[PDB]
Amino acid sequence: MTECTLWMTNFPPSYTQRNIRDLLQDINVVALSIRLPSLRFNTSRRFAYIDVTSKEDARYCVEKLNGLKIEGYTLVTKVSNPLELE
RNA sequence: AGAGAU
């Protein structure tokens, strides 16, 4: 309840800025901003960062795609460092 | 893996 930013790693570009956002905003409620840090050199190391409205949403995203084997790659969808511990 | 380039 204090974070909101997810980290997305290893995954075919099926997930792109708009699709990750569509998935995030509908499956997860509006992704405020999706950071595509890689993909500038080339489609290599496609990892991203996505921003969500509060966490129910972000926490939702990591739950939905983490551990997904897509095209032979296991997705590493994770949310920010948990600040809802205590 | 867990940091913002586009």
# chains A, B, ... in the order shown; residues from 1 in each chain; ligands from 1
$ residues_around --residues "residue 27 of chain A" --least-positions-apart "6" --cutoff "10 Å" --atoms "only C-alpha atoms (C1' of nucleotides)" --output "list in words"
residues 20, 21, 57, 60, 61 and 64 of chain A
$ closest_atom_pairs --of "chain A" --to "chain B" --cutoff "9 Å" --atoms "only C-alpha atoms (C1' of nucleotides)" --output "Markdown table"
| residue | atom | partner | partner_atom | distance |
| --- | --- | --- | --- | --- |
| A:6 | CA | B:2 | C1' | 8.8 |
| A:7 | CA | B:2 | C1' | 6.7 |
| A:9 | CA | B:1 | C1' | 8.8 |
| A:35 | CA | B:4 | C1' | 5.8 |
| A:36 | CA | B:6 | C1' | 6.5 |
| A:37 | CA | B:5 | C1' | 4.0 |
| A:38 | CA | B:5 | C1' | 6.5 |
| A:39 | CA | B:6 | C1' | 8.3 |
| A:40 | CA | B:6 | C1' | 7.0 |
| A:49 | CA | B:3 | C1' | 8.0 |
| A:76 | CA | B:1 | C1' | 8.4 |
| A:78 | CA | B:2 | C1' | 8.1 |
| A:79 | CA | B:2 | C1' | 8.5 |
| A:80 | CA | B:2 | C1' | 7.1 |
| A:81 | CA | B:2 | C1' | 7.7 |
$ write_last_selection --atoms "C-alpha atoms" --output "mmCIF file, in the first residue's frame"
data_model
loop_
_atom_site.group_PDB
_atom_site.id
_atom_site.type_symbol
_atom_site.label_atom_id
_atom_site.label_comp_id
_atom_site.auth_asym_id
_atom_site.auth_seq_id
_atom_site.Cartn_x
_atom_site.Cartn_y
_atom_site.Cartn_z
ATOM 1 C CA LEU A 6 6.237 -3.272 -11.251
ATOM 2 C CA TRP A 7 9.295 -4.743 -12.978
ATOM 3 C CA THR A 9 11.659 -9.132 -17.363
ATOM 4 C CA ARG A 35 8.994 2.315 -18.669
ATOM 5 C CA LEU A 36 10.634 0.739 -21.624
ATOM 6 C CA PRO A 37 14.285 1.185 -20.657
ATOM 7 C CA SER A 38 15.560 -1.424 -23.047
ATOM 8 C CA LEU A 39 14.628 -1.896 -26.737
ATOM 9 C CA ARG A 40 16.658 1.144 -27.720
ATOM 10 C CA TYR A 49 8.840 -1.196 -15.574
ATOM 11 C CA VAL A 76 9.625 -12.466 -14.292
ATOM 12 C CA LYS A 78 7.274 -8.605 -10.063
ATOM 13 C CA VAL A 79 6.020 -5.608 -8.116
ATOM 14 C CA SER A 80 8.116 -3.068 -6.157
ATOM 15 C CA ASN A 81 9.707 -3.937 -2.806
#
$ closest_residue --among "A:22, A:63, A:3, A:71" --to "residue 85 of chain A" --atoms "only C-alpha atoms"
A:3
$ closest_residue --among "A:8, A:48, A:31, A:24" --to "residue 66 of chain A" --atoms "only C-alpha atoms"
A:8
$ select_by_dssp --residues "chain A" --states "strand (DSSP E)" --output "ChimeraX atom specification"
/A:5-8,31-35,48-52,69-70,73-74,78-79
$ write_last_selection --atoms "N, CA, C and O atoms" --output "compact mmCIF listing (two decimals), in the first residue's frame"
# COMPACT_ATOMS: atom_id res chain seq x y z
N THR A 5 4.95 0.43 -8.52
CA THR A 5 5.73 0.19 -9.74
C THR A 5 6.22 -1.26 -9.87
O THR A 5 6.93 -1.78 -9.02
N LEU A 6 5.82 -1.89 -10.96
CA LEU A 6 6.24 -3.27 -11.25
C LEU A 6 7.47 -3.34 -12.17
O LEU A 6 7.78 -2.39 -12.89
N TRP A 7 8.15 -4.48 -12.12
CA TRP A 7 9.30 -4.74 -12.98
C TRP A 7 8.98 -6.00 -13.79
O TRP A 7 8.62 -7.04 -13.23
N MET A 8 9.09 -5.88 -15.09
CA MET A 8 8.78 -6.96 -16.02
C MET A 8 10.07 -7.38 -16.75
O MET A 8 10.77 -6.53 -17.29
N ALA A 31 -2.35 1.47 -16.20
CA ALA A 31 -0.97 1.54 -15.86
C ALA A 31 -0.59 3.00 -16.10
O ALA A 31 -0.65 3.47 -17.24
N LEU A 32 -0.23 3.71 -15.05
CA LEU A 32 0.08 5.14 -15.15
C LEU A 32 1.18 5.41 -16.16
O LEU A 32 1.05 6.29 -17.00
N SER A 33 2.27 4.67 -16.07
CA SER A 33 3.37 4.85 -16.99
C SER A 33 4.20 3.58 -17.10
O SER A 33 4.65 3.03 -16.10
N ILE A 34 4.41 3.14 -18.32
CA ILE A 34 5.18 1.94 -18.55
C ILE A 34 6.57 2.34 -19.10
O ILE A 34 6.69 3.01 -20.13
N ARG A 35 7.61 1.99 -18.34
CA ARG A 35 8.99 2.31 -18.67
C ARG A 35 9.62 1.26 -19.53
O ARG A 35 9.80 0.12 -19.09
N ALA A 48 10.99 -4.23 -18.72
CA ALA A 48 10.23 -2.98 -18.55
C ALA A 48 9.88 -2.76 -17.10
O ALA A 48 10.11 -3.60 -16.23
N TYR A 49 9.30 -1.60 -16.87
CA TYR A 49 8.84 -1.20 -15.57
C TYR A 49 7.46 -0.62 -15.80
O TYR A 49 7.28 0.13 -16.73
N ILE A 50 6.50 -0.97 -15.01
CA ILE A 50 5.18 -0.42 -15.24
C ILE A 50 4.69 0.28 -13.98
O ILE A 50 5.04 -0.13 -12.87
N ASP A 51 3.90 1.33 -14.13
CA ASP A 51 3.42 2.08 -12.99
C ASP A 51 1.94 1.88 -12.89
O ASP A 51 1.25 1.87 -13.90
N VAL A 52 1.44 1.68 -11.69
CA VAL A 52 0.01 1.47 -11.52
C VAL A 52 -0.56 2.48 -10.52
O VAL A 52 0.20 3.18 -9.86
N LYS A 69 5.48 -19.27 -18.94
CA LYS A 69 6.42 -19.76 -19.91
C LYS A 69 5.83 -19.46 -21.26
O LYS A 69 4.93 -20.14 -21.73
N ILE A 70 6.34 -18.43 -21.88
CA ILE A 70 5.79 -18.00 -23.14
C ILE A 70 6.84 -18.06 -24.23
O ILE A 70 7.87 -17.38 -24.15
N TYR A 73 10.17 -18.91 -22.71
CA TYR A 73 10.79 -18.06 -21.70
C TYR A 73 9.87 -17.88 -20.51
O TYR A 73 8.66 -17.71 -20.67
N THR A 74 10.43 -17.94 -19.30
CA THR A 74 9.65 -17.77 -18.09
C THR A 74 9.63 -16.29 -17.72
O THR A 74 10.68 -15.68 -17.53
N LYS A 78 7.20 -8.83 -11.49
CA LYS A 78 7.27 -8.60 -10.06
C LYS A 78 6.87 -7.18 -9.73
O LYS A 78 6.96 -6.30 -10.58
N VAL A 79 6.39 -6.95 -8.51
CA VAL A 79 6.02 -5.61 -8.12
C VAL A 79 7.14 -5.03 -7.24
O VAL A 79 8.02 -5.78 -6.82
$ select_by_dssp --residues "segment 1-76 of chain A" --states "alpha helix (DSSP H)" --output "list in words"
residues 17, 18, 19, 20, 21, 22, 58, 59, 60, 61, 62, 63, 64 and 65 of chain A
